[PDB]
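Shown next, in structure tokens, is the structure this report addresses.
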Amino acid sequence: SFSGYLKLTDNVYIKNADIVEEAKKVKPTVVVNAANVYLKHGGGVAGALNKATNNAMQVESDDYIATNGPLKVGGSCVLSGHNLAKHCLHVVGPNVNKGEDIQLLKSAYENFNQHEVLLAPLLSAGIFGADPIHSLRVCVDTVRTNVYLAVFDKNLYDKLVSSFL
């Protein structure tokens, strides 16, 4: 199962890890993708997860969009986890580089509550332009299920832990 995590709260855990390598190792029930509304997995967490699936995540995602249309900012869909997980929960945090409302971050994290345990990145962090410290606060204040956060950047991991509360 999940190893090497620091416990932040009753249900939130954090680790300096590459979410792709963590998913490959753990093969969890649910890995969260930092998706966009088009499920175009070009970069960041999504590009990395998709590359690890040999583009199978993208092909499945393109069929999902062709059938259902785009997700909402704050929304999610459950698709296959391919070789990484049983399921991939594609969650759209707001991209503040696009001027999307940061208040949708809480809505984004509420999707996690539909799953008892998740491996996840910090939503709206990285290339989505939000402050990861804020994202972690929203996560701890919103998610009630067990969430194992993988933070790739060691300096950010250290900042998130050392400034927590």
Side-chain angles (χ1 to χ4, degrees), residues 1-5 12-98 100 104-105 107-130 132 135-136 138-139 142-143 145-157 160:
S1 52
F2 290 104
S3 83
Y5 285 77
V12 177
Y13 294 82
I14 194 166
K15 182 181 175 178
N16 176 40
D18 177 341
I19 191 167
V20 168
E21 288 316 311
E22 245 326 89
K24 288 174 175 169
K25 186 61 182 170
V26 175
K27 298 184 189 164
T29 305
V30 177
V31 62
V32 173
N33 181 33
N36 58 51
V37 292
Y38 306 109
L39 302 180
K40 282 297 186 214
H41 310 303
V45 167
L49 291 169
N50 175 59
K51 174 179 175 193
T53 75
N54 183 44
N55 209 53
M57 175 180 285
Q58 189 63 68
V59 169
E60 177 195 29
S61 293
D62 291 339
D63 168 83
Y64 176 93
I65 297 288
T67 301
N68 297 297
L71 284 69
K72 296 170 181 178
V73 179
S76 71
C77 66
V78 181
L79 291 175
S80 180
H82 300 276
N83 51 316
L84 302 177
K86 184 176 183 175
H87 297 309
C88 178
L89 180 70
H90 293 274
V91 180
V92 184
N95 186 329
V96 304
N97 300 312
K98 299 177 179 165
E100 295 170 352
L104 294 166
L105 183 53
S107 304
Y109 275 116
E110 287 170 340
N111 294 283
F112 291 23
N113 291 323
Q114 298 297 315
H115 300 277
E116 294 212 306
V117 58
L118 313 89
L119 170 61
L122 284 168
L123 298 178
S124 297
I127 67 173
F128 280 63
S135 184
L136 178 58
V138 178
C139 181
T142 304
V143 180
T145 56
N146 295 326
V147 60
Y148 288 88
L149 291 169
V151 178
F152 184 51
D153 191 82
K154 176 185 177 317
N155 291 319
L156 173 61
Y157 172 85
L160 289 163

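Positions are given from 1, in the same order as the sequence printed here.
- Counting heavy atoms from C-beta outward, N146 and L118 have side chains that stay 4.5 Å or more apart.
- Counting only heavy atoms from C-beta outward, the side chains of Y109 and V147 never approach each other to under 4.5 Å.
- Remark: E22 pairs with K15 by the salt bridge (charged side-chain N to carboxylate O under 4.0 Å, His left out) rule, at least two apart or across chains.
- Sorted by first and then second residue, the ring-ring contact (aromatic ring centres under 6.0 Å, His included) pairs with a member in residues 54-73 form an empty list; sequence neighbours excluded.
- A search for ring pair (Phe, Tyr, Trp, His ring centres under 6.0 Å) contacts involving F128 returns nothing, not counting sequence neighbours.
- Screening residues 47-74 for salt bridge (charged side-chain N to carboxylate O under 4.0 Å, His left out) gives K40-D62 as the qualifying pairs, with residues at least two apart or on separate chains.
- When all heavy atoms are compared, the tightest approach of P132 to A125 is CB-CB, 4.1 Å.
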- Can you check side-chain contact (heavy atoms from CB on, under 4.5 Å) on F112 and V91, steps first, answer last? CA-CA 9 Å; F112 291 23; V91 180; 4.1 Å; yes

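- Within the model, atoms CG of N68 and SG of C77 stand 8.0 Å from one another, a figure rounded to the nearest 0.5 Å.
- By the side chain to side chain contact (heavy atoms under 4.5 Å, CB included) test, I127 pairs with no residue at all, sequence neighbours left out.
- Remark: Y38 pairs with no residue by the ring pair (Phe, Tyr, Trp, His ring centres under 6.0 Å) rule, at least two apart or across chains.
- The shortest distance between side-chain heavy atoms of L39 and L79 falls below 4.5 Å.
- For residues 145-157, the set of pairs meeting the salt bridge (charged side-chain N to carboxylate O under 4.0 Å, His left out) definition, not counting sequence neighbours, comprises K154-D158.
- Using a 4.5 Å cut-off on side-chain heavy atoms (C-beta onward), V45 and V20 make no contact.
- Listed here is the closest heavy atom pair of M57 and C88: CE-SG, 3.9 Å.
- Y13 is linked by a ring pair (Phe, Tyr, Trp, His ring centres under 6.0 Å) to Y148, counting only residues two or more places apart in sequence or in another chain.
- Heavy-atom minimum distance, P121 versus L149: O-CD2, 3.8 Å.
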- Task: Begin from the C-alpha positions of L71 and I65 and carry the test side-chain contact (heavy atoms from CB on, under 4.5 Å) through to its verdict.
- Result: CA-CA 8 Å; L71 284 69; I65 297 288; 4.1 Å; yes

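- Listed by first and then second residue, the salt bridge (charged side-chain N to carboxylate O under 4.0 Å, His left out) pairs that reach into residues 83-95 come to none, sequence neighbours excluded.
- Within 6.0 Å of the CZ atom in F152, the count of heavy atoms belonging to other residues, nucleotides or ligands does not exceed 12.
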Please tabulate, for the side chains in residues 25-35, all donor-acceptor contacts under 3.5 angstrom to protein atoms that are two or more places apart in sequence or on a different chain.
| from | atom 1 | to | atom 2 | distance (Å) |
| --- | --- | --- | --- | --- |
| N33 | OD1 | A46 | N | 3.4 |
| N33 | ND2 | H41 | ND1 | 3.2 |
| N33 | ND2 | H90 | ND1 | 3.0 |

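- Nearest heavy-atom pair across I19 and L49 is CG2-CD2, 4.5 Å.
- With rounding to the nearest 0.5 Å, the separation of CD1 in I14 from CG in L122 is 6.0 Å.
- Residues passing the salt bridge (charged side-chain N to carboxylate O under 4.0 Å, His left out) test with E21, sequence neighbours excluded: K24.
- Within the structure, side-chain hydrogen bond (donor to acceptor under 3.5 Å, both in side chains) pairs that include any residue of residues 110-120 comprise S76-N111 (at least two apart or interchain).
- The CG atom of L104 sits 12.0 Å away from the CG atom of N95 when rounded to the nearest 0.5 Å.
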